[PDB]
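K.L.:
Supplied in structure tokens, the structure appears directly below.
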Amino acid sequence: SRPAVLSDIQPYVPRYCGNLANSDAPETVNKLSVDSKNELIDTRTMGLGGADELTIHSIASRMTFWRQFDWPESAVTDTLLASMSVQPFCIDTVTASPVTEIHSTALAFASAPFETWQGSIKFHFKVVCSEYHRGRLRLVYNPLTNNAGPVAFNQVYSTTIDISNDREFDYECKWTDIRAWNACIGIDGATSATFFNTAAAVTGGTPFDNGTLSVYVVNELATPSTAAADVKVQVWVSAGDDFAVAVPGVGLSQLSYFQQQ
Amino acid sequence: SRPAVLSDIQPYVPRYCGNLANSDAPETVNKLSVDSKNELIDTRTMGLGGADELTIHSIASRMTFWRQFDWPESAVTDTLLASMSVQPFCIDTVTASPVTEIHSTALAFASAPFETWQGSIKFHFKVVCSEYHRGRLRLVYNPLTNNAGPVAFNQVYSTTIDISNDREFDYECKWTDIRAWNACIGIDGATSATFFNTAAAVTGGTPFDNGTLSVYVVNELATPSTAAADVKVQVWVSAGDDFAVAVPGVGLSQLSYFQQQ
Amino acid sequence: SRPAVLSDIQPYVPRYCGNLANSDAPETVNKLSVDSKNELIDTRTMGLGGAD
Amino acid sequence: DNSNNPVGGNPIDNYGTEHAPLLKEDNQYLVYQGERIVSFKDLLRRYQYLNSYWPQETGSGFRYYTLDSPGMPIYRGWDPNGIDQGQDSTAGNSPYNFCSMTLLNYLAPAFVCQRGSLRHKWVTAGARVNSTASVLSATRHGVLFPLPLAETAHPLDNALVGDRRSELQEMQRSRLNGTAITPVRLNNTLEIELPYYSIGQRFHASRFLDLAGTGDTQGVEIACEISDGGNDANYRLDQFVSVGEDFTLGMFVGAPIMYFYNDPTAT
Amino acid sequence: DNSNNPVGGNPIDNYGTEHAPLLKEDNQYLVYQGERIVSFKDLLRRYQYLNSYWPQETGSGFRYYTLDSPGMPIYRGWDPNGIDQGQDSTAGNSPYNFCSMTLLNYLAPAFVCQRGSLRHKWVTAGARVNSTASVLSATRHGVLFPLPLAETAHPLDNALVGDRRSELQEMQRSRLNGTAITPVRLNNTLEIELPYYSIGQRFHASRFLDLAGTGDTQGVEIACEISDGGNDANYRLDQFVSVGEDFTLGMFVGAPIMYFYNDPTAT
Amino acid sequence: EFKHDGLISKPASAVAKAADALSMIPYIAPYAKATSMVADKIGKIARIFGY
Amino acid sequence: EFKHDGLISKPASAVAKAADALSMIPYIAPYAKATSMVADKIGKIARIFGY
Amino acid sequence: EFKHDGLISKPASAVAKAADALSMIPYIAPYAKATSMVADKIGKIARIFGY
Amino acid sequence: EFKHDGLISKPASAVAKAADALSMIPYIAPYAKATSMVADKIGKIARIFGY
Amino acid sequence: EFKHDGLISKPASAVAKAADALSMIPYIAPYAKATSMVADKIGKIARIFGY
């Protein structure tokens, strides 16, 4: 109370509710502890190894089984076995009349809160067969869609793997789109669209995906006897090295972990 | 909660609405993104060259076609062909009884939000004729107005261009006014006044313009045959190097991009 | 929103009407111009000699 | 010999000895103006009043007014898709916007491209009842579907608490998108900025006039509680628009066709 | 020869010369997005609206509303132990939560372990009567007994002052645990953080969905005064949840089974 | 850029006698932002162009 | 860490041209906190991982 | 000029013993403003004339 | 002591690895206050005893 | 004098062991004010006399 404060009048704006949109601004939060700097650690004191696993690329790069198809005896050259859409949202549903279960890949789990995606998608194909089952598969990449008959060896991107030396193999579909970022359908929107057809070719070319990847037969399946051979192929799916997501959105506002009742 | 805060009481004034008049004060704005420093660039990533084009002098210096007049066979020495007012607001209207279109020069576009202007105006004259059409034009600058008859070669500023060597030529009308800044009529106010007359001389000397520029005939149009020759001259208009605008005002509060209904 | 602000609670007194008696204190005045430092001069640009 | 130049240019002897003499006057703005205006990007960062919005015109009871507005200000005149209705020249009626002509609305249809963040202020003037503790909130929409300018009311005065919660979950405020809230009794001003998110888009059409019937990809939902009692009939929201810092316009392709007329009688 | 690898991996020649070309575009987010999102731990620190709570639904007279809520947000769908009641597919009724699906609720049942502090905001929107000077208060519970989500009213308008004091001593606000108070007429926002105290526990079950019927060991009691007069029927509390700075999740064991459906009619 | 009390250190509106370079064109570097860029890379007076 | 005006000194959201190390894994020291730790012990750009 | 807490560094009202130069005339340079000018170009005590 | 923003410069609550001297007794000088004293005269970690 | 946060740098109330010069008389210079004067011209402890 002796002198007079001659500092300048300093303007201010009150922020009662704070800053609840940005992810990096410090907060004026009354922590309900004794020490103001009360803080634990985030390490291998839970029994684990110590790796940060809330990275988007650490969750999405996990190779997860997605679907399975078969390669019949009656398949001949230029027969489509499966066709699938190049995108993150690789789910599979189990309906049972009141409930509808949605089983999602880690690639589809880690990309649901977002509205744009880009990058490469890795598909791991796994042929279950004996040593005496021989043939050639063929992996068409087509940015739009495949025609209703045979697909020519020119005018598409293809690989033609022999399954004698490589029964299991992965194929990385890079970014070849006219945009930089495609849209995200969400797990909510992927449950109504066809993304794995195995009877015809799926419809790509949408603003939501990066085209389509299809499996054809080049050489027929050779058999060691007269027994009926039921050969299957497994499709596992992961994120490639380019894979990025952006625009946090409303993709998971309608999802739930409780069944439909 | 251990010690007591013995800093001075510091006076403040709350600013709830902010500062919405000045153009340089920082703002306390809650940006609705994840990163507080979310910012794109402003460059040639749109397909362009990378030049800053929101400069007033970059918009206003573009040479834009304004009007067109003719130079008849019956024109003789000291015949006025056109007279125009030296100012930024060079527009042209198309009426069709409910609607009234206003087509404005980039010089008139870039000077509508302001209330004062100064500087030089550049007029580009472009004579459309064959190689056998010869004569002399004459460009009077008069700060007030030209008399109803012939204008003398003394007592005005004039040039007398021969159109044999220079069929296209521009003429820069500098600042010769009793003020430093003239007023801006606006595009709203330029639609009711006469700024290009081509039958008499326009009225300058107002506080809104920098005088008047007129075109007279010195030597008659020479013709190669007995055919009727319809020679025209085009007036293009731009800002000179001196051109400046100030006092942001209410010049575009009544304008619209939707027709009159 | 990552850390917690651990600066001290700083006391203040609001001054809504300002300081309208003293002749030397700076003011928090919203000047109605484009430039915040909008200022002319006070000299012989009025036709005069330049004396205060 | 410089005789069909698309930009012209052939300087003939004019009436001055000294070329461009007003650039050599250094202390000119110490005498007349006090400041110099060189760019529009400096002048586009002054806020300007766009339009006002009355929340007690949509629902009934105590409810939650929500307004889906574009991030870019709507245009000033006789729309075919206008949010208001004016008396035209045939003594009839036509759609009309009673909004202001901002500098952004003026400059944007003369350029091809457009990109950048856009800043808003929501001011909440008028009258109000003494029993209010509402929160004004701004929350952004997605960038796939542009919603047009629309007004919705969500009722909050049901007998069931669950049927109030189901109305609070129909709102964009409940979502993972960026949200700014404030109390009206304490601050009543948002001061938000809409960033330029896009589905692989480098720019958008700067010459797109139909923002009130289509919207853009920077839309925002503004939300505020309202009651049906009197003296809330004068409660309104004022929108002030301006331009963020990463904002740019494309190539200049000339001024559009303009029209000059006053506001008609609102019917 | 890499032929039963549990993670797969055998790169066959695909259709690109350049491997992973989108990592070599350094200035990509100067063109399209403005920002890059790499981790979820950065994105979990955005607050998101969880649920609203109406204090004039529990007691009568002038009283003190108290709400025992978990520190972790409750889950979104058809609980067997839900706090609300919706109309199901058999045209009957079933318990249901009308809360939002936050990013924390999304990410947590896909991990085994969970540890860290959790941040809350309590916003207090709606209407109110002019005769209020209430104090909103948050106070933490013990870490031995997790209390479920419950609502209680303590009457304060008795004739005896001692029987008012005995109601103020039935509250967790009167205890040695950490308490944050604020006046509703002046700030109306708490912004608290619940630390991770534990009885020798290194983590807890991140796949535990029944938070509304059991609670967790980071529960908090929220307390606010309410009167029985009208215009307080619209007085409510909004909960915004987020994640503290010592927060971590354990090992990823896959996404759970998900379900997609809109909110039913609240009955 | 984002600095504490940046309006004090500007010439900010006006004459600033060496700020009569209004006839100069601003050069934008190939991925230049507006904030932590050309206002410090062109010169002192690049804040009259809005940077 | 707990410092005065720490958001000004971040690159904080974005490109920050040398911040294209998104393909790097964060290493956590055996008893590392989040605040006064790996955001200064990995590098300048360890704040895009949330530290 | 526009500086932070400029009233503290003034003599600001009064005697300031060397401020008995009230009999001196203030000289204004030919395009001098009032703010970033003669209050620092005449002397320390040019703030009793209002500059 | 009475200093500006003293909570930032504390370890203030916790582990602070060298703050495992909880088995040490605090020594109080014969006329020591709590504020401008033993929190700086014992060591850095004398603030977990309440000083 | 008029300085920013002057109460922090005082001993301000009390013992301040060298402040047992209460038996000393304050000397006032012939035109000394109270503010920018004898509180700095007598000694450190001239603030218990009210200066």
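In the structure tokens, the first chain shown is A, the next is B, and so on; residue numbers restart at 1 for each chain, and ligands run from 1 in the order shown.
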Please provide as a list in words all residues within 9 Å of stretch 12-25 of chain I, with the sequence filter that same-chain residues fewer than 5 positions apart are discarded (counting only C-alpha atoms).

P.N.:
residues 34, 35, 36, 37, 38 and 39 of chain A; 7, 44, 45, 46, 47, 48 and 49 of chain I

K.L.:
Could you save the residues just selected, with N, CA and C atoms, as a PDB file, in the first residue's frame?

P.N.:
ATOM      1  N   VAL A  34      -2.196 -34.241  -4.346  1.00  0.00           N
ATOM      2  CA  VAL A  34      -1.439 -33.427  -3.402  1.00  0.00           C
ATOM      3  C   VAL A  34      -0.317 -32.692  -4.120  1.00  0.00           C
ATOM      4  N   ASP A  35       0.410 -33.397  -4.979  1.00  0.00           N
ATOM      5  CA  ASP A  35       1.489 -32.811  -5.759  1.00  0.00           C
ATOM      6  C   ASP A  35       0.919 -32.274  -7.064  1.00  0.00           C
ATOM      7  N   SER A  36       1.288 -31.041  -7.412  1.00  0.00           N
ATOM      8  CA  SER A  36       0.837 -30.466  -8.675  1.00  0.00           C
ATOM      9  C   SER A  36       1.469 -31.182  -9.855  1.00  0.00           C
ATOM     10  N   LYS A  37       2.720 -31.600  -9.708  1.00  0.00           N
ATOM     11  CA  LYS A  37       3.402 -32.392 -10.724  1.00  0.00           C
ATOM     12  C   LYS A  37       3.256 -33.883 -10.448  1.00  0.00           C
ATOM     13  N   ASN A  38       2.029 -34.327 -10.203  1.00  0.00           N
ATOM     14  CA  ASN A  38       1.750 -35.743 -10.022  1.00  0.00           C
ATOM     15  C   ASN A  38       1.677 -36.379 -11.397  1.00  0.00           C
ATOM     16  N   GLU A  39       2.543 -37.355 -11.647  1.00  0.00           N
ATOM     17  CA  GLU A  39       2.613 -37.963 -12.965  1.00  0.00           C
ATOM     18  C   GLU A  39       3.268 -39.325 -12.844  1.00  0.00           C
TER      19      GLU A  39
ATOM     20  N   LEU I   7       6.436 -22.603  -8.694  1.00  0.00           N
ATOM     21  CA  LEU I   7       5.969 -23.974  -8.862  1.00  0.00           C
ATOM     22  C   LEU I   7       6.553 -24.635 -10.103  1.00  0.00           C
ATOM     23  N   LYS I  44      17.890 -29.430  -2.810  1.00  0.00           N
ATOM     24  CA  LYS I  44      16.851 -29.200  -3.810  1.00  0.00           C
ATOM     25  C   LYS I  44      15.548 -29.888  -3.435  1.00  0.00           C
ATOM     26  N   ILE I  45      15.632 -31.014  -2.739  1.00  0.00           N
ATOM     27  CA  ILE I  45      14.495 -31.895  -2.544  1.00  0.00           C
ATOM     28  C   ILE I  45      13.854 -31.696  -1.171  1.00  0.00           C
ATOM     29  N   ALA I  46      14.131 -30.575  -0.512  1.00  0.00           N
ATOM     30  CA  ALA I  46      13.534 -30.281   0.784  1.00  0.00           C
ATOM     31  C   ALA I  46      12.128 -29.712   0.674  1.00  0.00           C
ATOM     32  N   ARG I  47      11.493 -29.819  -0.486  1.00  0.00           N
ATOM     33  CA  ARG I  47      10.131 -29.366  -0.692  1.00  0.00           C
ATOM     34  C   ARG I  47       9.123 -30.499  -0.598  1.00  0.00           C
ATOM     35  N   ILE I  48       9.587 -31.742  -0.436  1.00  0.00           N
ATOM     36  CA  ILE I  48       8.688 -32.854  -0.147  1.00  0.00           C
ATOM     37  C   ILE I  48       8.388 -32.966   1.338  1.00  0.00           C
ATOM     38  N   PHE I  49       9.155 -32.291   2.188  1.00  0.00           N
ATOM     39  CA  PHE I  49       8.854 -32.193   3.607  1.00  0.00           C
ATOM     40  C   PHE I  49       7.923 -31.036   3.921  1.00  0.00           C
TER      41      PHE I  49
END

K.L.:
From a DSSP calculation on the backbone, collect every residue of stretch 44-207 of chain B in strand (DSSP E) and output the set as a PyMOL selection string.

P.N.:
chain B and resi 64-71+80-85+91-96+99-104+114-118+121-128+134-142+168-173+182-183

K.L.:
Please find the residues of chain I near chain J - the criterion being any atom within 10 Å, counting only C-alpha atoms - and write them as a list in words.

P.N.:
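Only these qualify: residues 1, 2, 3, 4 and 31 of chain I.
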
K.L.:
What would you get as a tab-separated table (two decimals) with C-alpha atoms, in the first residue's frame if chain B were moved onto chain A by least squares over all of its C-alpha atoms in order?

P.N.:
chain	number	residue	atom	x	y	z
B	1	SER	CA	0.00	-0.01	0.00
B	2	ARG	CA	2.92	2.41	-0.17
B	3	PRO	CA	3.36	3.18	-3.95
B	4	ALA	CA	0.94	3.35	-6.88
B	5	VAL	CA	1.05	0.73	-9.64
B	6	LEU	CA	1.91	2.53	-12.88
B	7	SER	CA	1.95	-0.47	-15.20
B	8	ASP	CA	-0.11	-0.29	-18.38
B	9	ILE	CA	-3.71	-1.41	-18.65
B	10	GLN	CA	-3.32	-4.76	-20.38
B	11	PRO	CA	-6.26	-6.10	-22.42
B	12	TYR	CA	-7.53	-9.63	-21.90
B	13	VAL	CA	-10.21	-12.03	-23.12
B	14	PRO	CA	-11.68	-14.58	-20.66
B	15	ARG	CA	-11.67	-18.25	-21.64
B	16	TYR	CA	-14.00	-20.01	-19.22
B	17	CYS	CA	-14.50	-23.28	-21.10
B	18	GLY	CA	-10.88	-23.39	-22.29
B	19	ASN	CA	-9.51	-24.82	-25.54
B	20	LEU	CA	-11.15	-28.14	-26.33
B	21	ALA	CA	-10.35	-28.50	-30.04
B	22	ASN	CA	-6.57	-28.20	-30.28
B	23	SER	CA	-4.31	-30.99	-29.08
B	24	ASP	CA	-1.21	-29.07	-28.02
B	25	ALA	CA	-2.22	-26.03	-25.95
B	26	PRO	CA	-1.48	-26.16	-22.20
B	27	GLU	CA	-4.42	-26.26	-19.84
B	28	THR	CA	-5.39	-24.62	-16.56
B	29	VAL	CA	-6.59	-27.81	-14.91
B	30	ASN	CA	-7.06	-28.32	-11.17
B	31	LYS	CA	-5.59	-31.79	-10.68
B	32	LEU	CA	-7.13	-33.46	-7.64
B	33	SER	CA	-3.88	-34.64	-6.04
B	34	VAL	CA	-1.44	-33.43	-3.40
B	35	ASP	CA	1.49	-32.81	-5.76
B	36	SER	CA	0.84	-30.47	-8.68
B	37	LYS	CA	3.40	-32.39	-10.73
B	38	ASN	CA	1.75	-35.75	-10.02
B	39	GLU	CA	2.61	-37.97	-12.97
B	40	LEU	CA	3.28	-41.63	-13.60
B	41	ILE	CA	5.36	-43.06	-16.44
B	42	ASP	CA	4.39	-44.86	-19.65
B	43	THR	CA	6.87	-47.72	-20.02
B	44	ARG	CA	7.47	-51.48	-19.46
B	45	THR	CA	6.26	-51.32	-15.84
B	46	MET	CA	3.06	-53.01	-17.00
B	47	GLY	CA	4.95	-56.20	-17.89
B	48	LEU	CA	5.48	-55.27	-21.55
B	49	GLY	CA	8.40	-54.30	-23.77
B	50	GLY	CA	8.16	-50.51	-23.75
B	51	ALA	CA	7.02	-49.68	-27.29
B	52	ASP	CA	4.63	-46.82	-28.00
B	53	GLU	CA	1.59	-48.51	-29.52
B	54	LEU	CA	-0.83	-45.59	-29.85
B	55	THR	CA	0.87	-44.62	-33.09
B	56	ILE	CA	-1.55	-44.93	-36.00
B	57	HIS	CA	1.09	-46.65	-38.11
B	58	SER	CA	1.87	-49.11	-35.31
B	59	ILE	CA	-1.76	-50.24	-35.09
B	60	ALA	CA	-2.51	-50.19	-38.81
B	61	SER	CA	0.61	-52.05	-39.99
B	62	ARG	CA	-0.39	-55.28	-38.25
B	63	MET	CA	-1.04	-58.08	-40.71
B	64	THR	CA	-4.55	-59.30	-39.88
B	65	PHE	CA	-6.55	-62.10	-41.53
B	66	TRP	CA	-9.41	-60.65	-43.53
B	67	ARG	CA	-11.16	-63.21	-45.74
B	68	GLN	CA	-10.78	-66.53	-47.51
B	69	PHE	CA	-11.80	-67.91	-50.89
B	70	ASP	CA	-11.30	-71.15	-52.79
B	71	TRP	CA	-9.71	-72.31	-56.04
B	72	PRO	CA	-11.79	-75.13	-57.51
B	73	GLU	CA	-10.99	-78.07	-59.74
B	74	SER	CA	-13.31	-76.64	-62.40
B	75	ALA	CA	-11.32	-73.40	-62.59
B	76	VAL	CA	-9.66	-72.90	-65.97
B	77	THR	CA	-7.42	-70.18	-67.48
B	78	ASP	CA	-8.87	-66.65	-67.02
B	79	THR	CA	-11.28	-67.60	-64.24
B	80	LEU	CA	-11.79	-65.04	-61.49
B	81	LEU	CA	-11.32	-66.47	-58.01
B	82	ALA	CA	-11.67	-63.28	-55.97
B	83	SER	CA	-11.78	-59.53	-56.41
B	84	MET	CA	-11.27	-57.01	-53.64
B	85	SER	CA	-11.22	-53.24	-53.26
B	86	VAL	CA	-8.02	-51.40	-52.34
B	87	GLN	CA	-8.97	-49.36	-49.27
B	88	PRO	CA	-8.52	-49.45	-45.47
B	89	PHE	CA	-12.01	-50.54	-44.48
B	90	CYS	CA	-11.76	-54.30	-44.69
B	91	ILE	CA	-14.46	-55.67	-42.37
B	92	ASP	CA	-16.68	-58.75	-42.32
B	93	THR	CA	-20.20	-59.09	-40.93
B	94	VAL	CA	-22.13	-61.88	-39.20
B	95	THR	CA	-25.86	-61.31	-39.26
B	96	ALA	CA	-28.28	-63.19	-37.02
B	97	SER	CA	-31.65	-61.57	-37.35
B	98	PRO	CA	-31.67	-59.04	-34.43
B	99	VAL	CA	-27.86	-58.65	-34.17
B	100	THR	CA	-25.25	-57.86	-36.84
B	101	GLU	CA	-21.65	-58.37	-35.75
B	102	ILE	CA	-18.91	-56.36	-37.45
B	103	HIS	CA	-15.43	-57.88	-37.26
B	104	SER	CA	-12.85	-55.35	-38.37
B	105	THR	CA	-9.20	-55.47	-39.36
B	106	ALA	CA	-6.63	-53.42	-37.42
B	107	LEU	CA	-6.27	-51.49	-40.69
B	108	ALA	CA	-10.00	-50.73	-40.51
B	109	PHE	CA	-9.83	-50.15	-36.75
B	110	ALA	CA	-7.09	-47.52	-36.94
B	111	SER	CA	-8.72	-45.54	-39.76
B	112	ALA	CA	-12.36	-45.22	-38.60
B	113	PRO	CA	-12.01	-41.87	-36.66
B	114	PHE	CA	-10.78	-40.12	-39.82
B	115	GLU	CA	-12.30	-38.75	-43.02
B	116	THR	CA	-9.40	-38.85	-45.49
B	117	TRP	CA	-6.77	-41.50	-46.19
B	118	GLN	CA	-3.92	-42.06	-48.59
B	119	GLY	CA	-1.11	-44.50	-49.12
B	120	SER	CA	-0.41	-48.11	-49.99
B	121	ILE	CA	-2.27	-51.22	-48.81
B	122	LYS	CA	-0.49	-54.54	-48.34
B	123	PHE	CA	-2.31	-57.79	-49.18
B	124	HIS	CA	-0.88	-61.11	-48.01
B	125	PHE	CA	-2.11	-64.14	-49.94
B	126	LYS	CA	-1.70	-67.58	-48.41
B	127	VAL	CA	-2.47	-70.71	-50.44
B	128	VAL	CA	-3.32	-73.81	-48.40
B	129	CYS	CA	-2.44	-76.85	-50.51
B	130	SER	CA	-0.25	-79.93	-50.53
B	131	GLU	CA	3.11	-80.16	-52.28
B	132	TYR	CA	1.54	-81.70	-55.38
B	133	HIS	CA	-0.94	-78.91	-56.14
B	134	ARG	CA	0.61	-76.73	-58.84
B	135	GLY	CA	-0.55	-73.79	-60.92
B	136	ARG	CA	-0.23	-70.09	-61.59
B	137	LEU	CA	-2.30	-67.36	-60.02
B	138	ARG	CA	-2.45	-63.83	-61.43
B	139	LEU	CA	-2.96	-60.55	-59.55
B	140	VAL	CA	-4.64	-57.79	-61.57
B	141	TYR	CA	-4.51	-54.23	-60.35
B	142	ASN	CA	-7.12	-52.18	-62.16
B	143	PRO	CA	-7.85	-48.60	-61.06
B	144	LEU	CA	-11.43	-48.69	-62.29
B	145	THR	CA	-12.91	-52.21	-62.65
B	146	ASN	CA	-12.37	-55.42	-64.57
B	147	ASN	CA	-14.50	-56.47	-67.51
B	148	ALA	CA	-16.90	-59.41	-67.37
B	149	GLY	CA	-14.69	-61.90	-69.22
B	150	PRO	CA	-10.97	-62.53	-69.51
B	151	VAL	CA	-8.61	-59.67	-68.70
B	152	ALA	CA	-5.75	-59.15	-71.16
B	153	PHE	CA	-2.08	-59.27	-70.12
B	154	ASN	CA	-1.55	-55.84	-71.60
B	155	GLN	CA	-3.73	-52.89	-70.43
B	156	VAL	CA	-3.52	-53.93	-66.73
B	157	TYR	CA	-0.85	-54.35	-64.06
B	158	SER	CA	-0.34	-58.04	-63.21
B	159	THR	CA	2.26	-60.34	-61.65
B	160	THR	CA	1.53	-64.07	-62.39
B	161	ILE	CA	3.03	-65.80	-59.36
B	162	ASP	CA	3.94	-69.49	-59.50
B	163	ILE	CA	2.79	-71.21	-56.31
B	164	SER	CA	5.54	-73.85	-56.33
B	165	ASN	CA	8.21	-71.63	-54.78
B	166	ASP	CA	5.98	-68.95	-53.21
B	167	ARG	CA	2.82	-70.37	-51.67
B	168	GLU	CA	2.61	-67.33	-49.39
B	169	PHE	CA	3.32	-63.86	-50.71
B	170	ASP	CA	2.31	-60.26	-50.16
B	171	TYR	CA	1.54	-57.59	-52.72
B	172	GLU	CA	1.68	-53.87	-52.00
B	173	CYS	CA	-0.84	-51.74	-53.88
B	174	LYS	CA	0.66	-48.24	-54.12
B	175	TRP	CA	-1.15	-44.95	-54.67
B	176	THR	CA	-2.16	-44.44	-58.32
B	177	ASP	CA	-5.16	-42.15	-57.99
B	178	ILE	CA	-6.04	-38.80	-59.56
B	179	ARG	CA	-6.30	-37.14	-56.13
B	180	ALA	CA	-3.91	-37.00	-53.22
B	181	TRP	CA	-6.40	-38.07	-50.54
B	182	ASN	CA	-9.40	-40.34	-50.89
B	183	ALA	CA	-12.40	-40.30	-48.60
B	184	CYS	CA	-13.04	-42.72	-45.75
B	185	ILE	CA	-16.27	-44.75	-45.87
B	186	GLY	CA	-16.04	-45.69	-42.21
B	187	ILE	CA	-16.91	-48.98	-40.59
B	188	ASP	CA	-20.49	-47.71	-40.56
B	189	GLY	CA	-20.53	-47.34	-44.34
B	190	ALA	CA	-18.46	-50.37	-45.26
B	191	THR	CA	-21.13	-52.75	-43.92
B	192	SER	CA	-23.51	-51.97	-46.81
B	193	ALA	CA	-21.09	-52.04	-49.76
B	194	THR	CA	-19.46	-54.97	-51.56
B	195	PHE	CA	-15.68	-55.09	-51.14
B	196	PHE	CA	-14.97	-58.79	-51.76
B	197	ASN	CA	-17.11	-60.50	-54.36
B	198	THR	CA	-15.43	-63.82	-55.47
B	199	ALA	CA	-18.18	-64.32	-58.13
B	200	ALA	CA	-17.77	-61.11	-60.15
B	201	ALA	CA	-15.38	-58.16	-59.98
B	202	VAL	CA	-15.97	-55.41	-57.44
B	203	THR	CA	-16.69	-51.84	-58.50
B	204	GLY	CA	-13.78	-49.50	-57.88
B	205	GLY	CA	-13.07	-46.09	-59.35
B	206	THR	CA	-15.07	-44.43	-56.58
B	207	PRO	CA	-13.66	-41.48	-54.59
B	208	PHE	CA	-13.43	-43.86	-51.62
B	209	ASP	CA	-10.87	-46.45	-52.77
B	210	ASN	CA	-7.65	-46.88	-54.77
B	211	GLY	CA	-8.99	-49.32	-57.38
B	212	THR	CA	-9.36	-53.07	-57.26
B	213	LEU	CA	-7.13	-56.12	-56.88
B	214	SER	CA	-8.27	-59.38	-58.45
B	215	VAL	CA	-7.01	-62.96	-58.61
B	216	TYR	CA	-7.26	-64.99	-61.83
B	217	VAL	CA	-6.05	-68.43	-62.88
B	218	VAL	CA	-3.33	-68.76	-65.52
B	219	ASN	CA	-2.50	-72.46	-65.29
B	220	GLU	CA	-4.94	-75.02	-63.95
B	221	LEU	CA	-4.57	-76.79	-60.63
B	222	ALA	CA	-2.62	-80.03	-61.06
B	223	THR	CA	-3.61	-82.93	-58.81
B	224	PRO	CA	-1.73	-86.04	-57.61
B	225	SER	CA	-4.74	-88.39	-57.72
B	226	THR	CA	-8.44	-88.66	-58.53
B	227	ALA	CA	-9.46	-87.25	-55.15
B	228	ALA	CA	-11.45	-84.03	-54.95
B	229	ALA	CA	-9.07	-81.25	-53.86
B	230	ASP	CA	-10.49	-78.24	-52.01
B	231	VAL	CA	-7.70	-75.66	-52.16
B	232	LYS	CA	-8.26	-72.34	-50.41
B	233	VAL	CA	-6.46	-68.99	-50.39
B	234	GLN	CA	-6.40	-66.61	-47.42
B	235	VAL	CA	-6.36	-62.82	-47.80
B	236	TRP	CA	-4.60	-60.97	-44.96
B	237	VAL	CA	-4.40	-57.19	-45.11
B	238	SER	CA	-2.21	-54.46	-43.61
B	239	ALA	CA	-1.11	-50.88	-44.19
B	240	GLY	CA	1.87	-50.20	-46.41
B	241	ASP	CA	4.65	-47.77	-45.69
B	242	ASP	CA	2.91	-44.79	-47.33
B	243	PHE	CA	-0.28	-45.07	-45.33
B	244	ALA	CA	-1.60	-41.88	-43.75
B	245	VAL	CA	-4.94	-40.66	-42.40
B	246	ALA	CA	-6.28	-37.16	-41.82
B	247	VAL	CA	-9.40	-35.04	-41.09
B	248	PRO	CA	-10.74	-36.38	-37.76
B	249	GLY	CA	-14.44	-36.88	-38.27
B	250	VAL	CA	-17.74	-38.48	-37.30
B	251	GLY	CA	-16.86	-41.97	-38.52
B	252	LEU	CA	-17.40	-43.69	-35.16
B	253	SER	CA	-20.30	-41.70	-33.71
B	254	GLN	CA	-22.75	-44.51	-34.57
B	255	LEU	CA	-20.63	-47.51	-33.54
B	256	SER	CA	-21.07	-49.49	-30.34
B	257	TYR	CA	-19.73	-52.49	-28.44
B	258	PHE	CA	-23.17	-53.67	-27.32
B	259	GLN	CA	-25.38	-55.83	-29.51
B	260	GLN	CA	-28.53	-54.59	-31.16
B	261	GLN	CA	-31.21	-55.93	-28.74

K.L.:
Would you compute the distance between atom CA of residue D:69 and atom CA of residue D:243? Give it in Å to one decimal.

P.N.:
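For atom CA of residue D:69 relative to atom CA of residue D:243, the distance reads 16.0 Å.
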
K.L.:
Counting only C-alpha atoms, a student should be able to say which residues of chain E come within 7 Å of chain B; what is the right answer, written as a list in words?

P.N.:
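Residues satisfying the distance criterion: residues 30, 31, 34 and 35 of chain E.
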
K.L.:
Check every residue of chain C for an atom within 8 Å of chain G, counting only C-alpha atoms, and provide those that qualify as a PyMOL selection string.

P.N.:
chain C and resi 2-7

K.L.:
What does the file look like for those residues with C-alpha atoms, as a compact mmCIF listing (two decimals), in the first residue's frame?

P.N.:
# COMPACT_ATOMS: atom_id res chain seq x y z
CA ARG C 2 -0.84 -31.51 -23.47
CA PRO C 3 0.63 -29.98 -20.22
CA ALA C 4 -0.92 -28.17 -17.24
CA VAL C 5 -0.26 -24.47 -16.68
CA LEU C 6 1.54 -24.14 -13.34
CA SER C 7 1.99 -20.37 -13.31
